[PDB]
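What the coordinates show
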Amino acid sequence: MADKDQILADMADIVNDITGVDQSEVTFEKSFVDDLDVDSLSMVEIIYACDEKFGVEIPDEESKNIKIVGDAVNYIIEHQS
């Protein structure tokens, strides 16, 4: 049971696992791309980890929407429970 805050703890891991961005560095206000250095591959890999780790399949529509933690994480918690 991971809440949106937990999505950042869990995402902190994935993020630190793919981009290596810090658990501390994954706040609710960091742009994935600009602040969490998330390139298309970073988000693609994250989307993969997210789809498996959280059961959250981010379609191209979501992946492009997911540019900041607020969108990414809110989406992850959207399907998380």
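What counts, and where the lines are drawn
Residues numbered from 1 in each chain as written, not as in the entry; some residues may be left out. Heavy atoms only, no water. Core = buried A, V, L, I, M, F, W, Y, C linked by side-chain atoms within 4.5 Å. Buried < 20%, exposed > 50% of the residue type's maximum accessible area, 1.4 Å probe, protein only. Helix = DSSP H or I, 4+ residues; strand = E, 2+ residues; numbered from the N terminus. Contact = heavy atoms within 4.5 Å. Salt bridge = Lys/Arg side-chain N within 4 Å of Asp/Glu carboxyl O. Axes fitted to C-alpha atoms, helices over the stretch in contact; angles between N-to-C directions. Parallel < 35°, antiparallel > 145°, perpendicular 65-115°, else oblique. Left-handed = near helix turned anticlockwise from the far one by under 90°. Nonpolar A, V, L, I, M, F, W, Y, C, P; charged D, E, K, R; others polar. 1 Å grid on protein atoms, 1.4 Å probe; cavity = no way out; pocket = protein on both sides within 12 Å on 5 of 7 lines; lining within 4 Å. Points joined across faces, edges and corners; volume = space filled by probe spheres on them.

Structure determination for this PDB entry was carried out by solution NMR, as recorded in the header.

Counting residues in each nonpolar core, the largest one holds 27 residues, and the members touching the most others are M11, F32, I46 and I76. Elements with a minimum of two residues in this core: α1 (4–18), α2 (40–53) and α4 (69–79). Dropping the residues within four chain positions of it, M11 is found in contact with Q6, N16, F32, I46, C50, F54 and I76.

We now examine unusual backbone geometry. Within the chain, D37 stands out as a residue other than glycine whose phi angle is a positive 45°. Tracing the backbone through its elements, the reader meets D37 in the loop between α1 and α2. With relative accessibility at 54%, the residue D37 sits in the exposed group.

A few words on the pattern of salt bridges. Across all of its chains, the model carries one salt bridge by this definition. Among the salt bridges present, the one from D10 reaches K53, with a minimum N-O distance of 3.7 Å. Within this pair, whereas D10 is found in helix α1, its partner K53 is found in helix α2, the two being separated by 43 residues in sequence.

A few words now on the packing of α1 against α2. Running from amino to carboxyl end, α1 crosses α2 at an angle of 140°, the nearest separation of the two axes being 10 Å. Classified by the angle between their axes, α1 and α2 sit oblique to one another. Remark: the crossing between α1 and α2 carries right-handed chirality. Counting all contacts with α1, which are made through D10, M11, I14, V15 and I18, the residues of α2 involved are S42, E45, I46, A49, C50 and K53. Taken together, the residues of the contact of α1 with α2 sort by class into seven nonpolar, one polar and three charged.

Secondary-structure assignment places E62 in helix α3 (residues 60–65). Its relative accessible area of 22% is what places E62 among the partly exposed residues. C-alpha separation for the pair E62 and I47, spaced 15 residues apart in sequence, amounts to 9.4 Å.

Our focus in this paragraph is empty space enclosed by the protein. One pass over the structure, following the stated rule, counts one cavity of 30 Å³ or more. Lining the largest cavity are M11, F32, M43, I46, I47, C50, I58, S63, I66, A72 and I76. Elements with a minimum of two residues in the lining of the largest cavity: α2 and α4. Across the lining of the largest cavity, the residue classes tally to ten nonpolar, one polar and no charged.

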